[PDB]
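*Asks:* Submitted below is the structure of interest, expressed as structure tokens.
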Amino acid sequence: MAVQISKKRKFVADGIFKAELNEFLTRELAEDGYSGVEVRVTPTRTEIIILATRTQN
Amino acid sequence: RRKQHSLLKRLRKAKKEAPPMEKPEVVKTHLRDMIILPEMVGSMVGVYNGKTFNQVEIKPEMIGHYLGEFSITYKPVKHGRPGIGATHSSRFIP
Amino acid sequence: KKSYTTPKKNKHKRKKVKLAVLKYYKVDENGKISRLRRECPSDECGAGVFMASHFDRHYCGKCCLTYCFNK
Amino acid sequence: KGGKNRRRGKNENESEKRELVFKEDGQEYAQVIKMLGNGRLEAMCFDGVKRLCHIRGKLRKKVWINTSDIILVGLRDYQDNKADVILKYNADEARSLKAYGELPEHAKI
Amino acid sequence: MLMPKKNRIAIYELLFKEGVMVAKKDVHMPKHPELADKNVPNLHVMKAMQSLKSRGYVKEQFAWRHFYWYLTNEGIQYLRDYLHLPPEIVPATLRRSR
Amino acid sequence: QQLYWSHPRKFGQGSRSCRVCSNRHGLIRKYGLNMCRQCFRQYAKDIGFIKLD
RNA sequence: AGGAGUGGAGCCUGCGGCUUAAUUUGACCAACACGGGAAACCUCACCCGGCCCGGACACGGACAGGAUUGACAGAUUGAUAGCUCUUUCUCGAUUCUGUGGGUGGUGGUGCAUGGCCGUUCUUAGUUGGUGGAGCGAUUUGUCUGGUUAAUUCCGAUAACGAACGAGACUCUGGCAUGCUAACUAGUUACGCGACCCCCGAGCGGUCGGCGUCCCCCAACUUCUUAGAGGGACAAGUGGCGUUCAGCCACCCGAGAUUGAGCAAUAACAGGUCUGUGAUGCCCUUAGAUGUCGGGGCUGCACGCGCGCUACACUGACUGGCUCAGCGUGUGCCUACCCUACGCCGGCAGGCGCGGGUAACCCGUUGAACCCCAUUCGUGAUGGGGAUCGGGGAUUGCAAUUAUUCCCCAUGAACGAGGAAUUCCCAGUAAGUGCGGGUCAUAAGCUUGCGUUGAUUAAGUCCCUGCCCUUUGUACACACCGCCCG
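These protein sequence lines map, in sequence, to chains A, B, C, D, E and F.
Start counting the first sequence at 234; every next residue gets the next number (my numbering).
Start counting the second sequence at 7; every next residue gets the next number (my numbering).
Start counting the third sequence at 530; every next residue gets the next number (my numbering).
Start counting the fourth sequence at -15; every next residue gets the next number (my numbering).
Start counting the fifth sequence at 17; every next residue gets the next number (my numbering).
Start counting the sixth sequence at 45; every next residue gets the next number (my numbering).
Take a look at the structure:
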């Protein structure tokens, strides 16, 4: 579980995760009124807040 | 030896079985790469170009060189008669 | 890009001949089982399969790169 | 032409080369004799009979048929004197056909 | 074959346990790491899911060189009888999401 | 079946592949790209960059 | 007005033509060192051989003495492809076979399309509402005049009140001994002890000078770093203007322009189906347009474009001195980084050790032109380094049509360039080196950065072109128009 990548490369890999997800979801939640995401890593946990208008579907 | 094995056995073999004072038939190759060596001499080898197996006799004077230098892979070139647009003049018709 | 031009051979896959099956065990009296040629000796072979009686060549078909006696 | 413009609104092009009907029944090779105007033109057939050739749609201002040279001509089903142009060839194509021995070996380019 | 009979089970059983499969688009994968452990040397996941998908029983997304196969109710019934499993077992998931 | 299907790809322009679909021709490596210049543009808005100059 | 060139010469590279079994292909101001396109293989679409199915699913057929799977050797074969044949074991319902139906394609169509980009167009342009004027197409608003870089303002006024572009905005440069705070940044101060030379007063110590180690629980933040703030507004003065909007000069000083990013309405049969698992239709789909091996995109009597190196003395050559910046770097893709130090070699290079996730290690980036001293002497010369022979290294699975690098030898055109033509106004042109990009090996390319640093202008509509008004028109596919004998 280590070490860890360069600080320059740290942001690029985050951007790739932020972007890939945002097109993954758009191809499944299109009919459910998708509107975006907002990611947050939190202490020992990931949060992926899946914004859509109708949480029902 | 990265399976040049296939060539070097056929050469010695065919050289052996062939009548005295006569050369063998041919061993063919798509491999244009392999150093010409003293042991290879006296054999006759056809070498693939793009379609054609150009046959060559191996001399003791060719040692060190590659196989592919003795078989060409293009027509030397002829010309020509310059064509139409072959310059700042070709144009117009109607 | 353009369409294929005529060949003068092509043949795909051999039909892997339609031989009669199991005559490899010979019965002349019971409970005796008259085996012919030796059953395959490798650890990874089960030794319930027969070896080829292929004389001037002696080869396990379960093996596919190894164990080729020839005499 | 010598470049210019307005010559791209419309479908460049060209002859990606290509190949090769004949003759058929009443549909054969001729040579340009003259070069009238208005539109029509003259062309003696390769058999021996003369005829007067006529241009065909599309080929109108899409292909220039300078004087002298082989050209593919349909014959009218009933008319002798007037005949109908088809499908021209290339000068290279015409000398390949001549070398093959399918059209008569009489005319030079 | 098309593929062995061992390697069928190892895909169909693994799907039943997670409730979902994912894989990559390649044909030079050597043993398929990233589960099914070291016994799929070729397509096999993609090739078997596609045949399953033809007959319904699963849905399929694809995005940035990665498949995503979502098992469905009809396939659960099929796979349950096909693998001789209890009349009520789903080990993939079963709880209410809060 | 066959005893071959492949031949050494270990370096060169064929042993790396770009993430459009496994597209090429458009040689790319930069700062950990592996990302195609046509789509890089479409991800100007997406995160990694916002244009400022 | 001038500065430096191109066109001339040699070489690199792209394009046409020609050749070829194939020499794949798009593109003709707004193509042509462009498609990140510097192709050994791969790439790869092309050409020639060989193999494979990765033809789902459905229905029918075959079928457990069984559907079916694979392979040694020999022969064959570029081949160690059971590909084929000889030979005879092996696999076991996954299949095979027929029909229906799919699937793949750098296949075609950019004149079926989406998206993106370029261009008209770097100029100042653009539109609706309500009212007014016309039978209507339309027009007024959007202007005679002054003014501005700008449809920018002032003013006029059958229009009034608004919107988009311009500007405003964002980034960058230039001004802080003010503010904020720093052993992953420095300076100063000693404490110093150590080295060094008396080099200067003195004696060598000390005082002074030179850097390094020592530095702290020292002091500070000027230099370096990056944050919060302030500063420039035509502000003040003198002219000029309707004295309005503004313009010119000057003080202070950083002068109202340091350079970029963003950019309207409407349009083009512009480019791109070879970026796209974006996409219509058509084609092809087992003798495949979907995989391995070999060849080609580099082939030349010729034409053109972008550039590089040169024609010497304001130079070349050999020594000596001395200055920089933007960056980048292994732990990533699948096997790979940047290098100090020690040792060996003329060199390319080899070998042994160590550091670096990086204001921490490479690197106080100890770079070039320039600077200082020898040698050559107006000579196609020692200028120029093309062509070409032999030899040595490195990368790789492979280096031949020479991958790249090094050593010796060979020593061409070329002695300032026709008709024509490009680009440029201040740290700008020109000279000169460096980093990044592509990269297993390799920039004469492109993109950024420093260093040295001029001459000429402060204008004009002559040429080329663009904006606004007025006028004329047989034009509206719009003068690259139309039309006569």
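Where a beta carbon is used, it is the ideal one built from N, C-alpha and C, also for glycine.
Using the three-state DSSP reduction, which class does D:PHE6 fall into: helix, strand or coil?
*Replies:* DSSP places D:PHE6 in coil when its eight states are reduced to three.
*Asks:* What do you reckon, are the CB atoms on D:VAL16 and D:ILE55 nearer than 9 Å?
*Replies:* In this structure, D:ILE55 lies closer than 9 Å to D:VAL16 by Cβ.
*Asks:* Counting only beta-carbon separations shorter than 9 Å, does A:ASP247 have a partner in chain F?
*Replies:* Closer than 9 Å: yes.
*Asks:* Ends of the alpha helix (DSSP H) at D:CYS37?
*Replies:* Run containing D:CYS37: none in the alpha helix (DSSP H); it sits in the beta strand (DSSP E), 36 to 38.
*Asks:* Looking at the C-beta of F:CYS80, does it have a partner C-beta in chain E at a distance below 9 Å?
*Replies:* Cβ-Cβ to chain E under 9 Å: no for F:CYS80.
*Asks:* Do E:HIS100 and E:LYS41 have their C-beta atoms closer together than 9 Å?
*Replies:* In this structure, E:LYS41 does not lie closer than 9 Å to E:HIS100 by Cβ.
*Asks:* If contact means a Cβ-Cβ distance below 8 Å, which residues of the segment 50 to 63 of chain F contact chain E?
*Replies:* Taking 8 Å as the Cβ-Cβ cut-off against chain E, the residues of the segment 50 to 63 of chain F that qualify are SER50, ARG63.
*Asks:* Terminal residues of the continuous beta strand (DSSP E) containing A:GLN289?
*Replies:* Per DSSP, A:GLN289 belongs to no beta strand (DSSP E) and is neither H nor E.
*Asks:* DSSP on F:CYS62, reduced to helix/strand/coil?
*Replies:* In this structure, F:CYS62 counts as strand in the three-state DSSP scheme.
*Asks:* Does DSSP put B:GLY52 in a helix, a strand or coil?
*Replies:* Looking at B:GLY52 - three-state DSSP - the assignment turns out to be strand.
*Asks:* Taking buried to mean at least 16 other C-beta atoms within 10 Å of its own C-beta, is A:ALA246 buried or exposed?
*Replies:* It is exposed - the Cβ of A:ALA246 has fewer than 16 other Cβ atoms within 10 Å.
*Asks:* Report the partner residues of B:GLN61 according to the DSSP bridge assignment.
*Replies:* Looking at the DSSP assignment, B:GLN61 forms a beta bridge with B:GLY52.
*Asks:* Name the DSSP bridge partner or partners of C:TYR554?
*Replies:* Partner(s): C:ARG564.
*Asks:* So what does B:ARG38 bridge to, in DSSP terms?
*Replies:* DSSP lists no partner for B:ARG38.
*Asks:* Any contact between the segment 20 to 34 of chain E and the segment 53 to 60 of chain E? By contact I mean 3 or more CB pairs, one from each, below 8 Å.
*Replies:* Counting Cβ pairs under 8 Å, three or more are found: they touch.
*Asks:* Which stretch, first to last residue, makes up the beta strand (DSSP E) that contains D:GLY58?
*Replies:* From DSSP, the beta strand (DSSP E) with D:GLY58 extends over 54 to 58.
*Asks:* Please compile the residues from chain B whose C-beta is within a distance smaller than 9 Å of the C-beta of D:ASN50.
*Replies:* Chain B residues near D:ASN50: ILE99.
*Asks:* Is there at least one Cβ from chain F nearer than 9 Å to A:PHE244's Cβ?
*Replies:* Yes, A:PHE244 lies at the interface with chain F (some Cβ there is under 9 Å from its Cβ).
*Asks:* If you draw a straight line from the C-alpha of C:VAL556 to the C-alpha of C:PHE579, how long is it?
*Replies:* Those two C-alpha atoms are separated by around 16 Å.
*Asks:* What in chain F is Cβ-close to A:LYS240, meaning under 7 Å?
*Replies:* Per Cβ cutoff of 7 Å: no residues; A:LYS240 is ~12 Å from chain F at best.
*Asks:* For A:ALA252, go through chain F and note every residue whose CB falls closer than 9 Å to its CB, in chain order.
*Replies:* Chain F residues near A:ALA252: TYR87, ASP90, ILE91, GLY92.
*Asks:* Output yes or no for whether 9 Å exceeds the beta carbon distance between D:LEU25 and D:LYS18.
*Replies:* In contact: D:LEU25 and D:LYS18 (Cβ atoms closer than 9 Å).
*Asks:* Any C-beta of chain B sitting closer than 9 Å to the C-beta of D:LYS(-15)?
*Replies:* Closer than 9 Å to some Cβ of chain B, the Cβ of D:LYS(-15) qualifies, so yes.
*Asks:* Does any residue of chain F have a CB that is nearer than 9 Å to the CB of E:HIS44?
*Replies:* Chain F, which has a Cβ nearer than 9 Å to the Cβ of E:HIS44, makes this yes.
*Asks:* Could you check where the beta strand (DSSP E) with A:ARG273 kicks off and where it finishes?
*Replies:* Unbroken beta strand (DSSP E) run through A:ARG273: 271 to 275.
*Asks:* By the DSSP assignment, the alpha helix (DSSP H) with E:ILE92 in it spans what residues?
*Replies:* Looking at the DSSP string, the run of the alpha helix (DSSP H) that includes E:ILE92 is 89 to 98.
*Asks:* For E:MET37, which residues does DSSP report across the bridge?
*Replies:* Beta-bridge pairing links E:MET37 to E:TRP85.
*Asks:* With a threshold of 16 other CB atoms inside 10 Å of the CB of F:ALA88, please say whether the residue is buried or exposed.
*Replies:* Exposed, because fewer than 16 other Cβ atoms sit within 10 Å of the Cβ of F:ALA88.
*Asks:* Between B:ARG38 and the rest of its own chain, which residues show a CB-CB distance below 8 Å, the 5 nearest in sequence each way excluded?
*Replies:* Answer for B:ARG38: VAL53, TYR54, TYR72, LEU73, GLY74, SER77, listed in chain order.
*Asks:* Determine which residues share a DSSP beta bridge with D:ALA67 and list them.
*Replies:* DSSP lists D:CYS37 as partners of D:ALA67.
*Asks:* Give the residues from the segment 69 to 98 of chain E that approach chain A closer than 7 Å (Cβ to any Cβ), ordered along the chain.
*Replies:* So the list reads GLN77, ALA79, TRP80, given in the order they occur along the chain.
*Asks:* Taking the alpha carbon of B:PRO66 as the point to measure from, which residue in B:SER96, B:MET50, B:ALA24 has its own alpha carbon closest?
*Replies:* Among B:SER96, B:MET50, B:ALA24, the Cα nearest to that of B:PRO66 belongs to B:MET50.
*Asks:* Give me the residue from E:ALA79, E:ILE105, E:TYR84 with the minimum Cα distance to F:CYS65.
*Replies:* With distances taken between Cα atoms, F:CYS65 lies closest to E:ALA79.
*Asks:* Mind listing the chain E neighbours of residue 307 of chain A? Cutoff is C-beta to C-beta under 9 Å, in chain order.
*Replies:* Chain A is shown only over 234 to 290; residue 307 of chain A falls outside these bounds and no answer can be derived.
*Asks:* Between the alpha carbons of C:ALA576 and C:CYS589, how many angstroms are there, rounded?
*Replies:* Cα-Cα distance, rounded: 11 Å.
*Asks:* Would you mind stating whether residue 524 of chain C and C:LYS600 have Cβ atoms separated by less than 9 Å?
*Replies:* One cannot answer for residue 524 of chain C here, as it falls past the ends of chain C, which runs 530 to 600.
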